[PDB]
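I have placed the structure first, in the form of structure tokens, so that the comments after it can refer back to it.
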Amino acid sequence: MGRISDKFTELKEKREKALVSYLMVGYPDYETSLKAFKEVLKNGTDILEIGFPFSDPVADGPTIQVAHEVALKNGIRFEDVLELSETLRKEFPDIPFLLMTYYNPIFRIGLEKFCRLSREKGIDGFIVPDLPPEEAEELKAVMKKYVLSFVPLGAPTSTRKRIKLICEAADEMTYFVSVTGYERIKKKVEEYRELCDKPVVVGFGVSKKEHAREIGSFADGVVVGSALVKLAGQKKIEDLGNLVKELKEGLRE
């Protein structure tokens with residue numbers, strides 16, 4: 001459909017796998033995070049995951065949880081998150097933007113409004129790590145209305161039936177975690193390939209070029225977050241750009 005499908009079609013013609021970079025708005029502070037976002041985009045990021053600070057990030061690892069807390073103490077609001085998206089959208093017109101948000105904030109703000117605002121500020125789709133199954137259909141329906149790409153989540157232990165539900169739920173792409181929360185996720189993706197034609201990105205545990213090359217050998221893309229956030233924490237912008245450049249190196253053929 002939109003920017004996501006266009007990007008994967010583009011990467012395929014370039015014989016590349018996608019690098020999905022995840023950073024948190026407001027960590028270690030708004031200004032520094034904005035520089036970080038610009039740096040990863042300038043160095044090869046194909047799809048951006050924009051972190052929306054949340055008070056109870058139970059699905060994130062230690063490093064990202066720190067980013068959540070710090071950003072919230074800096075006073076980062078949903079409005080600041082979208083301002084950053086709008087700002088980046090002007091400089092990078094075709095890079096797909098995925099808003100990483102927990103479910104509660106969407107409900108608190110209001111589904112219609114949340115989606116309306118996201119679309120107006122450049123967001124292409126969402127990644128909801130803790131989406132309650134009993135709230136999924138309603139959210140998907142609203143997202144469809146505002147043309148926001150729904151990205152279902154899979155796991156190394158997803159059943160064949162779940163995989164088919166994931167494929168039909170995905171508008172343009174899917175995201176699988178790499179660990180049971182390697183060989184296991186690789187085999188799961190192969191099954192996925194049998195049942196689904198939509199691109200799939202794999203995350204968790206990526207921090208070295210070797211990791212990107214290995215995962216990219218069977219996935220259409222890799223997601224990197226904690227490794228980037230760590231560098232951003234010390235305002236090591238140059239090293240961050242270097243890391244993104246290196247990761248992207250392991251994603252070319």
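Chain lettering (A, B, ...) mirrors the order of the structure tokens, residue numbering begins at 1 for each chain separately, and ligand numbering begins at 1 in order of display.
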### Task
Skip range 72-85 of chain A itself and residues of its chain fewer than 2 positions away, then list as number ranges by chain all residues within 9 Å of it, counting only C-alpha atoms.
A: 25-30, 34, 50-55, 67-70, 87-90, 97, 99, 105, 117-118, 120-123
### Task
Would you mind listing what lies within 10 Å of residue 106 in chain A as number ranges by chain, with only C-alpha atoms counted and same-chain residues fewer than 6 positions away left out?
A: 78, 112-115, 128, 139
Hey, can you spit out that residue selection with C-alpha atoms as a compact mmCIF listing (two decimals), in the first residue's frame?
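Below you can see selection_12.txt, which holds the result:
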# COMPACT_ATOMS: atom_id res chain seq x y z
CA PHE A 78 2.09 12.60 22.59
CA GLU A 112 -10.42 8.25 16.40
CA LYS A 113 -8.45 11.27 17.62
CA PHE A 114 -5.25 9.27 18.14
CA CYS A 115 -5.37 7.91 14.60
CA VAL A 128 1.47 -1.97 19.58
CA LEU A 139 -8.36 -0.65 16.68
### Contacts of residue 21 in chain A at 12 Å (only C-alpha atoms; same-chain gap of 3+ positions) as a PyMOL selection string
chain A and resi 18+24+36-51+95-100+201-204+206-207+221-229+240-241+243-245+247-248
### Query
Quick one: DSSP alpha helix (DSSP H) residues in range 111-173 of chain A, as number ranges by chain?
A: 111-120, 133-145, 160-169
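CA of residue 22 in chain A is found 22.2 Å from CA of residue 1 in chain A.
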#### Entry: Residues near range 8-13 of chain A, cut-off 9 Å, only C-alpha atoms, skip fewer than 3 positions along chain, as a PyMOL selection string
chain A and resi 3-5+16-18+46+199+220
Restricting it to N, CA, C and O atoms, dump the selection as a PDB file, in the first residue's frame.
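And here's result-v8.pdb as it stands now:
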ATOM      1  N   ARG A   3       3.867   3.917   2.085  1.00  0.00           N
ATOM      2  CA  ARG A   3       5.320   4.003   2.180  1.00  0.00           C
ATOM      3  C   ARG A   3       6.007   2.686   2.525  1.00  0.00           C
ATOM      4  O   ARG A   3       7.124   2.439   2.081  1.00  0.00           O
ATOM      5  N   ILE A   4       5.353   1.852   3.326  1.00  0.00           N
ATOM      6  CA  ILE A   4       5.950   0.578   3.710  1.00  0.00           C
ATOM      7  C   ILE A   4       6.113  -0.326   2.495  1.00  0.00           C
ATOM      8  O   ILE A   4       7.204  -0.826   2.225  1.00  0.00           O
ATOM      9  N   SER A   5       5.025  -0.543   1.765  1.00  0.00           N
ATOM     10  CA  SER A   5       5.089  -1.380   0.577  1.00  0.00           C
ATOM     11  C   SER A   5       6.050  -0.796  -0.452  1.00  0.00           C
ATOM     12  O   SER A   5       6.837  -1.532  -1.048  1.00  0.00           O
ATOM     13  N   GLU A  16      18.464  -5.337  -1.286  1.00  0.00           N
ATOM     14  CA  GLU A  16      18.772  -5.032   0.104  1.00  0.00           C
ATOM     15  C   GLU A  16      17.676  -5.482   1.064  1.00  0.00           C
ATOM     16  O   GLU A  16      16.523  -5.685   0.672  1.00  0.00           O
ATOM     17  N   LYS A  17      18.057  -5.641   2.326  1.00  0.00           N
ATOM     18  CA  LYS A  17      17.114  -5.993   3.376  1.00  0.00           C
ATOM     19  C   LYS A  17      16.937  -4.670   4.115  1.00  0.00           C
ATOM     20  O   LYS A  17      17.836  -3.822   4.100  1.00  0.00           O
ATOM     21  N   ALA A  18      15.792  -4.489   4.755  1.00  0.00           N
ATOM     22  CA  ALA A  18      15.521  -3.243   5.460  1.00  0.00           C
ATOM     23  C   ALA A  18      16.150  -3.157   6.841  1.00  0.00           C
ATOM     24  O   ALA A  18      16.250  -4.153   7.554  1.00  0.00           O
ATOM     25  N   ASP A  46      15.998   2.417   6.815  1.00  0.00           N
ATOM     26  CA  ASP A  46      14.936   2.276   5.818  1.00  0.00           C
ATOM     27  C   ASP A  46      13.541   2.495   6.383  1.00  0.00           C
ATOM     28  O   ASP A  46      12.652   2.994   5.692  1.00  0.00           O
ATOM     29  N   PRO A 199       6.204  -8.937   3.566  1.00  0.00           N
ATOM     30  CA  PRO A 199       7.532  -8.838   4.181  1.00  0.00           C
ATOM     31  C   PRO A 199       7.507  -9.003   5.695  1.00  0.00           C
ATOM     32  O   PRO A 199       6.519  -8.670   6.358  1.00  0.00           O
ATOM     33  N   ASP A 220      13.201 -10.148   5.767  1.00  0.00           N
ATOM     34  CA  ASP A 220      13.235  -9.056   4.799  1.00  0.00           C
ATOM     35  C   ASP A 220      13.817  -7.807   5.448  1.00  0.00           C
ATOM     36  O   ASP A 220      14.054  -6.792   4.786  1.00  0.00           O
TER      37      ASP A 220
END
Please tabulate, as a tab-separated table, the residues of range 107-180 of chain A that come within 9 Å of range 191-196 of chain A, each with its closest pair of atoms and the distance in Å to one decimal, counting only C-alpha atoms and ordering rows by chain, then residue number upward.
residue	atom	partner	partner_atom	distance
A:160	CA	A:191	CA	7.7
A:163	CA	A:192	CA	6.4
A:164	CA	A:195	CA	6.5
A:166	CA	A:196	CA	8.8
A:167	CA	A:196	CA	5.8
A:168	CA	A:196	CA	8.6
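A straight line drawn from CA of residue 101 in chain A to CA of residue 130 in chain A is 8.8 Å long.
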### Coordinates-based distance that separates CA of residue 171 in chain A from CA of residue 198 in chain A (Å, one decimal)
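That distance, rounded to one decimal, is 8.3 Å.
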### Task
Could you find all residues in range 107-205 of chain A that DSSP calls strand (DSSP E or B) from the backbone, and write them as a PyMOL selection string?
chain A and resi 125-127+149-150+153-154+174-177+200-203
### Residue contacts of range 183-189 of chain A (7 Å, only C-alpha atoms) excluding same-chain residues fewer than 5 positions away, as a ChimeraX atom specification
/A:156,178,218
### Query
Between A:92, A:253, A:147, A:212, which one has atoms that come closest to residue 116 in chain A, using only C-alpha atoms?
A:147
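Nearest residue to residue 126 in chain A, choosing from A:159, A:149, A:108, A:230 and counting only C-alpha atoms: A:149.
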### Summary
Closest of A:141, A:153, A:136, A:219 to residue 175 in chain A, counting only C-alpha atoms, is A:153
